[PDB]
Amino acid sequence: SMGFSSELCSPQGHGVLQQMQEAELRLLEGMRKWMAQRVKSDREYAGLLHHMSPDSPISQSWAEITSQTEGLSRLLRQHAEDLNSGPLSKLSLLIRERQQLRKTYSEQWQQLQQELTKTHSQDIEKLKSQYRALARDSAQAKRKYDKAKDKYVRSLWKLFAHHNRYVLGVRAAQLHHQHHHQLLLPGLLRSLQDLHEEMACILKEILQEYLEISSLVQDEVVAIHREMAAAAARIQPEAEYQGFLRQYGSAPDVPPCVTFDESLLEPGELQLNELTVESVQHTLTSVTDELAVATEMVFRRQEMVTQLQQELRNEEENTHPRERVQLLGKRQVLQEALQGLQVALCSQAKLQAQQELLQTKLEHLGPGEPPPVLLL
């Protein structure tokens, strides 16, 4: 077995233990400052996150996410409070106890040295010095020898008694030495170790309590992050306008379509007679020529649309789901081409309707003389 009581039981080991006690205070002092800065950090993060602070699914998802982020803000604040009132305070009391313990150990150590020095050394020197005086005194009285015998017997009396006190003092010092080295100092060293190991345990609990309070991955944080993730995942893009259309939608507005105004003149029929036959033939020709041009314009704009759709499918296929913002420009180019095509189909359709009218009218005259104009 190793311990302070068997390994540091010396003046040298006492020096080592004094420096140990200081080194452990320094370290806990750094720990307290480090924890103090975590408190500041979490508090100010709470503040920074706090500062970040309708039917629609995105709308509702967005509100849920901001609200949960505000929840995260308050949590970080509680981390700061909890760290401050729990382990930082416990750490401070542990420092204060060590500062007092430091003093108590060193004075108990001194006390035990002074006691040993007094009993084992100083008392002993005093006895020895007296013994020598009384012996020299008895020697002198033996030599200076009725009255003379009287002073000599007296010399012997005190010398003998002092001898006995000396013998007893030596035995007392012997047991002091023994208790000191085997029991007293080892006992003191052992209790210092016990205390320090208990304090190691306390510090372990302070560090684990710190980690639990300050953890960004604990249950309350996870639960916040899952709600945010569920809110985002609920977004259904193809459903975003359903509620908006329910609120604001209505039947199309279609103003009346023009008709042939019969108050000017069959209603809306071409006039095919002797004065107009050639003009109708001319118009059918010029309408048909124009229709050919318009039909070519539809053909070319459909090809353009087709080129853009192919280009967009290849681009889509090759772009990551989170980089689709990059396709928006081309999407818009495709829209404008589709609008283009639609305008051209409208023009083609208008010229076609005009041809049909012209064509059916000349067909229904056929091999007939165009009607004369009689003037009533």
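Don't overthink the numbering: it's just position in the shown sequence, from 1.
Missing deposited residues between residue 53 and residue 54: 10 or more, all without coordinates in the entry. Gap check for residue 145 to residue 146: 4 to 9 deposited residues are absent from the model. For the two regions 351-359 and 364-372, the entry's Cα B-factors average higher over 364-372.
Look at the mean CA B-factor for 213-221 and for 110-118 in the entry; the higher one is 110-118.
The residue among 30, 340, 329, 321 whose C-alpha atom has the highest B-factor in the PDB entry is 321. When the C-alpha B factors of 227, 240, 197, 137 are read from the deposited coordinates, the top value falls at 137. Compared with the other modelled residues of the chain, the Cα B-factor recorded for residue 258 ranks in the highest third. Ranked against the other modelled residues of its chain, the C-alpha B-factor of residue 302 as given in the entry falls in the highest third. When the modelled residues of the chain are ordered by their C-alpha B factor, residue 38 lands in the lowest third.
The deposited CA B-factor of residue 154 belongs to the highest third of values across its chain.
Among the modelled residues of its chain, residue 205 has a C-alpha B-factor that falls in the lowest third according to the deposited record.
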